[PDB]
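Note sheet for the following structure.
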Amino acid sequence: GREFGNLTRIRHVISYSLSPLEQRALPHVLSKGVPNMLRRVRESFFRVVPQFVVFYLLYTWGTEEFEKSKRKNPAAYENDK
Amino acid sequence: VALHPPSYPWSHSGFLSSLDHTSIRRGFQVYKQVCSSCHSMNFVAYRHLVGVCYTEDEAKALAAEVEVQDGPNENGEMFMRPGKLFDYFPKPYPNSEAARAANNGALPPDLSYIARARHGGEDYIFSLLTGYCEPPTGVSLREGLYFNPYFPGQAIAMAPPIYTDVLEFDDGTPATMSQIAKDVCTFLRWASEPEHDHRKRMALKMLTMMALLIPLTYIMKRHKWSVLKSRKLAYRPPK
Amino acid sequence: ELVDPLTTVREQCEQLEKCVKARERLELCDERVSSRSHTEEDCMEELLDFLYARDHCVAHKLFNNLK
Amino acid sequence: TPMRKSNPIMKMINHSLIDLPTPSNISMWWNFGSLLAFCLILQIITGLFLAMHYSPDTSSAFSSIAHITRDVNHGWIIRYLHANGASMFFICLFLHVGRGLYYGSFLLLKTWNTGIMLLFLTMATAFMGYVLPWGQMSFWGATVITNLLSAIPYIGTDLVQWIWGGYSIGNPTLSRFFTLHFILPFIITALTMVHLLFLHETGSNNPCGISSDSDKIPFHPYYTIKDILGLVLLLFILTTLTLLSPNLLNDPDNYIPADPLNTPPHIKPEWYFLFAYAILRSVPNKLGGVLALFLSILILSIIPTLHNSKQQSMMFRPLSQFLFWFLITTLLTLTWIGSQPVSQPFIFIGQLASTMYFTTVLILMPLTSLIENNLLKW
Amino acid sequence: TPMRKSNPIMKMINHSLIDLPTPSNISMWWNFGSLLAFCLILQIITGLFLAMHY
Amino acid sequence: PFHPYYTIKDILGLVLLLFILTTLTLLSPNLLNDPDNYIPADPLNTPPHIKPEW
Amino acid sequence: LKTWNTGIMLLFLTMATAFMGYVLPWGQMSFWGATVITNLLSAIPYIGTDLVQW
Amino acid sequence: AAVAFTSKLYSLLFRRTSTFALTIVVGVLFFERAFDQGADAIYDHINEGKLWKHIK
Amino acid sequence: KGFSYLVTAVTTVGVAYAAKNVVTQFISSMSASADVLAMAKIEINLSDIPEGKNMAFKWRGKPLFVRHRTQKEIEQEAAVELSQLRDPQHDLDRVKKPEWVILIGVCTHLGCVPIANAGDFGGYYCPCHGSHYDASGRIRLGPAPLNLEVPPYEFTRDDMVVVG
Amino acid sequence: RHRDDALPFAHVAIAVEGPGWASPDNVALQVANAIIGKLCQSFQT
Ligand SMILES: CCCCCCCCCCCCCCCCCC(=O)OC[C@H](COP(=O)([O-])OCC(O)COP(=O)([O-])OC[C@@H](COC(=O)CCCCCCCCCCCCCCCCC)OC(=O)CCCCCCCCCCCCCCCCC)OC(=O)CCCCCCCCCCCCCCCCC
Ligand SMILES: CCCCCCCC/C=C/CCCCCCCC(=O)OC[C@H](COP(=O)(O)OCCN)OC(=O)CCCCCCC/C=C/CCCCCCCC
Ligand SMILES: CCCCCCCC/C=C/CCCCCCCC(=O)OC[C@H](COP(=O)(O)OCCN)OC(=O)CCCCCCC/C=C/CCCCCCCC
Ligand SMILES: CCCCCCCC/C=C/CCCCCCCC(=O)OC[C@H](COP(=O)(O)OCCN)OC(=O)CCCCCCC/C=C/CCCCCCCC
Ligand SMILES: CCCCCCCC/C=C\CCCCCCCC(=O)OC[C@H](COP(=O)(O)OCCN)OC(=O)CCCCCCC/C=C/CCCCCCCC
Ligand code: HEC
Ligand code: HEM
Ligand code: HEM
Ligand code: HEM
Ligand code: HEM
Ligand SMILES: O=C1C(=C2CCC(c3ccc(Cl)cc3)CC2)C(O)=C(O)c2ccccc21
Ligand SMILES: O=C1C(=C2CCC(c3ccc(Cl)cc3)CC2)C(O)=C(O)c2ccccc21
Ligand SMILES: O=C1C(O)=C([C@H]2CC[C@H](c3ccc(Cl)cc3)CC2)C(=O)c2ccccc21
Ligand SMILES: O=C1C(O)=C([C@H]2CC[C@H](c3ccc(Cl)cc3)CC2)C(=O)c2ccccc21
Ligand code: FES
Ligand SMILES: [Zn+2]
């Protein structure tokens, strides 16, 4: 079936490659890779983060409320006698 | 609801810190002379003390102190004999109904995993042992209960089990309640998890190895993928 | 005769401000509950608050005196 | 020809993982299937060893595990490995599902359906292993899960009593749990092979959602070394969890043996289940609760049917992405609610989280897809 | 095509035991393989049941 | 082709095997049975006459 | 050849299985059968006894 | 020209696959012992006074 | 090329170390546990064993024979020619007192228990594959390669013996 | 690599580096060549 002899039909594309032993494995990290990671974080920040911030607010609120609910109310004894 | 135990600075809590075996040796005396009246420790035997705080001969000596049932003999009858290394610490009661009958309806639990079966571990137990006090105003206790804020409910059947000079340690340490509690707690830690020290020993090695193998294999990957990472294309139609 | 370090350490911690305010609240609640004729209130919550506050600083300073 | 292609067994291996054409551009999210397989293998091995020391009897189960962890040489670490491997297995499983939801790989219908089958099987297996120690939590977990069939209106109670083998949970039920837990993993293995057979007829989707037949590379050497790297990382994490912090995920209430007369005040299943538990807790009706419980997972089967977009992947669809991450947070919320007592704040929050989960899958995503289409003018 | 030949799982079944070419003249001695398989299946089923009581 | 010829032939073989198996199970169950395996194990004594399964 | 060799493998496997089922009742014959079959590896000259005990 | 270390290493050991394999077994033999000894030393040193080997 | 291959070498060395450790500890899971390895001694009262009687006792999981030999047995066991044996040994190499002999009742061929006072030689006969022993425990016919094993013992009374 | 799927047949060339005119080794290499030079239409060393 699917085999490297007849996958698709292409015309007029040229490629060039070096061998691994001719070139470096980690050529430019701090001059190219770091800024690229930075933009890659920039492009997705506001699509992911705010939902989790909202989750954090909800969690803390619900915890606080549950913990208030367990403390004794002075009006339950002071009001009528 | 129950009061949250504070964190005490236990010397074995570091990532690669071992247990203090002196404290184990003293805690075990506490568990002989006091705590093995009510409580069972069904999953520990004398052979387990060998190489931890005792030689084989001295552990046999401990064993020898106790009578144990055995048989049948050649006549078909049971008998009593002195203990051996392969015998389990003896039970205080024959059955749980008898245990309840001797403690006004309450059943003392088995302390073989008490430190792993409670929230807070040895912080809780210490807190429980040192923590008895007189009740607040408005509170009352039914027949045969004590007050203790670190118990869920604050009413507990167990009377305060330890006090100063309730025993004497063979190494001359002064037997204040606090010292006794800390030591028995160390001993319960050891009873719940014998593999502790060897586990940390073994972590150092194989973690060093697995940490080493990451950058090496990453380098191999980068080597194989450089062919594609630097590839250059062009489009040249006759136009 | 032996003096248990825990006694002294408690007595020392109980001098601190965060303990003192809770201790005062405890006294106030004792006074109410003792003064009434017939009530269902009890003074336990206040006691537990005070004990939480105090045992926090006992735990930072007890084990230095033990072996 | 080379021997690589001389013979059916060898040629199937070759078409599977030597000369298979893979996309050049797939990312780390595609490593989690191989890690799943690794985890299955690990579980089977460690299980076959444990099996030779465990006792499927209610009067010795607990103590057989005590024996394993105290007297068997390095038995403690074998126990630790089994228990932590299950957790890793589910971590990988969840991430594996989520990928496919994000990148639109559910359009491979056969692979997707066999995946749903596998999810169900793995969950059954994990639960039937969780009750074998016969601790205090294990017992009541068994009880609840076997009472679930009482909700079937006409025949339910009889089904419950026919699964128990008696008037109640007891010795005859534990051996059933153990036989089933023994046999299921191998059915899982066979179905995994079918799963991959179905996959290799089309090949892998990729992050861009467009056809990659102009830039296929062979599986060997590229993805061989890549997956080996992934495995090394998984082993580092697993070792640190096994040796440096074994008690992180552990539950104390299962170190107390079973007591048929007392349920403990605070109930909590294993973490990978909490969310279902929350869902089950949220409906004030028995039958409705169970129905929701099962629909929560069965709903994946109609996602392919509700797909309106012209594009396959969310890579180029921002509104879609926003909704995706909101759904993930709803699931986190259900997990958190599952841990808490059944008290009023958490009751109300859980009900909202459940309604929003189904709402989002069934309504909001389809409609956002239509809006998106209109914004691109088709 | 018929569905018999539309699909890998189905086409493997078909090549196995529907459209497989067999000799016309083989005798009773060739029945014992299928009986072996039957026996294996019987053993597995009865064993899974026994297992739950042993 | 395998179907229908050898399908029905093997079904016939299976019917025969089931007849034999039932007669062995219900009409004469003790034919191949060994009495010495109805005595539980005794690590101190090997019986005088030893015989494995046929 | 391939079918024949896989057949030999299957024969061996089936025999192992049958024998390991025969010792499960723990009767008087089962016990001594176990004993003999597990002492068989003592015949390996350098490592045998240790294999038996393992 | 420049007889350099890695080139000698390639030409003597790594060029032939059998010898590469032999090099690997020989290296692991010695790595194992050195690595064990170092680890045990560190471990023993972190918690002197608390192990029963010495208390004995 | 050298440098790139050195990296691979080093990686392989580490992987081999880890693999060895994992596999070996798994294998050591299946050896005897720390509750199976008890080794006690056993004391036998000899005044309950008539002359000509072979008694069997359970010891360390296996039979232990104690045999109280008669005079003609003591006589005729000494006559044996040691050249016609596959495991040559004299009777007085195998007993401490002539009228008592103590053996481990396990057949040296494949482990069955010999029946006493049976076979061609007045000693013991093993039904499983047909090996004969004499009243010294010496192998005389059949497939077994060695004589019956003698444990360490000593006499604490003229009517008490301890085997350990 | 220059890809054009409309051409009838694929052409391929693969070399390593040779020593040059001056070296002696050339002779031996030629012999090797003659030893090497079915699947395809046309082939040469
Ligand atoms: C209380 C318990 C009750 C139990 C009840 C059991 C009832 C069982 C009923 C079974 C009914 C089966 C019906 C099957 C129909 C299938 C039709 C078909 O297509 O068949 C094709 C098949 C043949 O296939 P094929 O394609 O020709 O290929 C075969 C060859 O390749 C062909 O090669 P060839 O052509 O060269 O061969 C020619 C010739 C080759 O001939 C020879 O080789 C020569 C033979 C010479 C023999 C001479 C006599 C004996 C020797 C004497 C020698 C002299 C001694 C001198 C001594 C001197 C001493 C001093 O071979 C034959 O012709 C053989 C035909 C006869 C087959 C018999 C089958 C017996 C089955 C027994 C089953 C037992 C188990 C039952 C369950 C028990 C449960 C407890 O069979 C037939 O054609 C015959 C069908 C009819 C068979 C009937 C069998 C009845 C058995 C009844 C037994 C009752 C007693 C049980 C006792 C139990 C004790 C524990
Ligand atoms: C006594 C102590 C132990 C001694 C152990 C010694 C062995 C050490 C390990 C050696 C590993 C094997 C290395 C050599 C493998 C050679 C394989 C070979 O020649 O076959 C290659 C060739 C490749 O096929 P094509 O692609 O068609 O080739 C066309 C080329 N244009 O053939 C094949 O297909 C592969 C055949 C593989 C055969 C492998 C044989 C393995 C033998 C192992 C013996 C182990 C003995 C252990 C004894 C232990 C003590 C009792
Ligand atoms: C032991 C306790 C375990 C608790 C549970 C653990 C599992 C759940 C973990 C939840 C958090 C996961 C965070 C993962 C990292 C997210 C990083 C991120 O936002 O990156 C966005 C970045 C954007 O890239 P692109 O759109 O492709 O374009 C870039 C190329 N130009 O990547 C992505 O969006 C890829 C998203 C892939 C899917 C991720 C799925 C994560 C959650 C899956 C499990 C959730 C539960 C199960 C869900 C399904 C239930 C039916
Ligand atoms: C409520 C009580 C229970 C009621 C049960 C009712 C059902 C009773 C049993 C009915 C069995 C099925 C009979 C009809 C099958 C029709 C199959 C069909 O149409 O497909 C044939 C056609 C053949 O393929 P080609 O060769 O390509 O055809 C080309 C022709 N030139 O299609 C196929 O490939 C086969 C498709 C099979 C579909 C089978 C559907 C089965 C549905 C079963 C429903 C059971 C419901 C049970 C409910 C129980 C109570 C909750
Ligand atoms: C157990 C916990 C271990 C934890 C440490 C990490 C484990 C994972 C480490 C990676 C394991 C990789 C296993 C799979 C093999 C990967 C091979 C690889 O990447 O190299 C490719 C390369 C293929 O060569 P090519 O250059 O592509 O073709 C040349 C044609 N002229 O692979 C080879 O070298 C193939 C030849 C065999 C190599 C050896 C295979 C492994 C077995 C060797 C040791 C044998 C004894 C094993 C005993 C095990 C215990 C009983
Ligand atoms: C008889 C006088 C006892 C002695 C001596 C000791 N304990 Fe005990 N213990 C006893 C009873 C009757 C109970 C039941 C309490 C109840 O409310 O049911 C207990 C309980 C414990 C517990 C359980 C704590 C929990 O939260 O469940 C622990 C951890 C415990 N006891 C520890 C302990 C120790 C260390 C002792 C020796 C210093 C000891 N106990 C002695 C009765 C008796
Ligand atoms: C034991 C459980 C499972 C195993 C072992 C397993 C294994 C695999 C493997 C090895 C792959 C190869 C590609 C990859 O790794 O991404 C894969 C792909 C895939 N899996 Fe599974 N899987 C399992 C469960 C699931 C589940 C639960 C689902 C969906 C609910 C699923 C759906 C898919 C899909 C759709 C693909 C192909 C998607 C693509 O290539 O883009 N699988 N699986
Ligand atoms: C997908 C594969 C598997 C999964 C997810 C799985 C999961 C689990 C889990 C979660 C437990 C309980 C862990 C604990 O109590 O700490 C368990 C226990 C057990 N499993 Fe597995 N298992 C798998 C495969 C197997 C297999 C193939 C066997 C074969 C016998 C097996 C045998 C056992 C045994 C004997 C136990 C009880 C021992 C114990 O609790 O430690 N398991 N399993
Ligand atoms: C569980 C054990 C086995 C099973 C389930 C099995 C199954 C089968 C089946 C269904 C066939 C189809 C043709 C026929 O029935 O004759 C077959 C053929 C065959 N079997 Fe097996 N078999 C088993 C063991 C063996 C053994 C032990 C051998 C040889 C020592 C063997 C060698 C063969 C050969 C050579 C054929 C083809 C011969 C021919 O077609 O002329 N098999 N087997
Ligand atoms: C080729 C497949 C099988 C063969 C040949 C086989 C054979 C046997 C035999 C000969 C016995 C002893 C019969 C007796 O003592 O009367 C036995 C017992 C047993 N087998 Fe099977 N068996 C097979 C498959 C299985 C499977 C898959 C299981 C799954 C659990 C199983 C479970 C058992 C059990 C529990 C026993 C003991 C019960 C008893 O002795 O009645 N067997 N087997
Ligand atoms: O990891 C695989 C993979 C497979 C590799 C081999 C694995 C494997 C697992 C266990 C064993 Cl014993 C052997 C191989 C199974 C997964 C497979 O079939 C794909 O199609 C695929 C596509 C893209 C990215 C990764 C993969
Ligand atoms: O019986 C078979 C056979 C096969 C039929 C289907 C059987 C079978 C067994 C179990 C199930 Cl669940 C399904 C099918 C297996 C044997 C098979 O493959 C052959 O090639 C063959 C050739 C000649 C004569 C008979 C046969
Ligand atoms: O009350 C419960 C409970 O409700 C469950 C539930 C959790 C969800 C499970 C579940 C069932 C089906 C699926 Cl597809 C997924 C999860 C079923 C058991 C438990 O697991 C449990 C464990 C221990 C004590 C009590 C309990
Ligand atoms: O003495 C034996 C004995 O020798 C075997 C033997 C029979 C042949 C077996 C065998 C081993 C290997 C193969 Cl490939 C085939 C059969 C091994 C056990 C028994 O089965 C046996 C059963 C019960 C009591 C005693 C005995
Ligand atoms: S076991 Fe005694 S002769 Fe074989
Ligand atoms: Zn270790």
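Chains as they are written, first to last, in the entry's author numbering: chain A, 2 to 82; chain B, 87 to 325; chain C, 25 to 91; chain D, 2 to 379; chain E, 2 to 55; chain F, 219 to 272; chain G, 110 to 163; chain H, 2 to 57; chain I, 111 to 274; chain J, 276 to 312, 336 to 343. Just so you know, even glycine gets a beta-carbon here, dropped at the ideal spot from N, CA and C.
- The shortest C-alpha to C-alpha distance from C209 of chain D to any of D:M4, D:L175 and D:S25 is the one to D:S25.
- Residue range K172 to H178 is occupied by the beta strand (DSSP E) that includes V176 of chain I, with no alpha helix (DSSP H) assigned at that position.
- By the Cβ neighbour-count rule, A42 of chain H is exposed, with fewer than 16 other Cβ atoms within 10 Å of its own.
- When C-alpha distances from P246 of chain B are compared across B:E220, B:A201 and B:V225, the shortest belongs to B:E220.
- Looking from the CA of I280 of chain D, the closest CA among D:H97, D:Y358, D:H16 and D:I226 belongs to D:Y358.
- Here the distance from the Cβ of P22 of chain D to the nearest heavy atom of ligand 2 is not below 6 Å.
- For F172 of chain B, the closest Cβ of chain D is not nearer than 7 Å.
- Judged by the Cβ position, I46 of chain E fails to qualify as a neighbour of ligand 5 at the 6 Å threshold, every heavy atom of the ligand being at least this far.
- In this model, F178 of chain D and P261 of chain D are separated by some 18 Å (Cα to Cα).
- Secondary structure note for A62 of chain D: its alpha helix (DSSP H) is the uninterrupted segment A62 to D72.
- Judged by pairs of C-beta atoms under 8 Å, the segment 230-247 of chain D touches the segment 26-42 of chain D, as three or more such pairs exist.
- Proximity of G239 of chain B to chain C, defined by a Cβ-Cβ separation below 7 Å, is not satisfied.
- With a minimum length of 3 residues, the unbroken runs of beta strand (DSSP E) contained wholly in the segment 9-64 of chain A fall at 12-17.
- Remark: the shortest separation between the CB of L220 of chain I and any heavy atom of ligand 15 falls under 6 Å.
- For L231 of chain B and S70 of chain A, the gap between their C-alpha atoms comes out near 29 Å.
- Rounded to the nearest whole angstrom, the CA to CA distance from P219 of chain F to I10 of chain E is 19 Å.
- Residue pairing by DSSP places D244 of chain I opposite I:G232 in a beta bridge.
- Contact annotation: the segment 248-265 of chain D touches the segment 192-208 of chain B, with at least three C-beta pairs closer than 8 Å.
- Inclusion of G112 of chain I and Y44 of chain H in the CB contact set at 7 Å is not warranted, their separation being larger than that value.
- Closest in alpha carbon position to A119 of chain I, among H:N48, H:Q38 and H:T18, is H:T18.
- According to the DSSP secondary-structure assignment, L251 of chain I is paired through a beta bridge with I:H242.
- With a 10 Å radius around the Cβ and a threshold of 16 neighbouring Cβ atoms, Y155 of chain D comes out exposed.
- Non-local C-beta neighbours of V195 of chain D in its own chain, meaning closer than 8 Å and more than five positions away in sequence, comprise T115, ordered along the chain.
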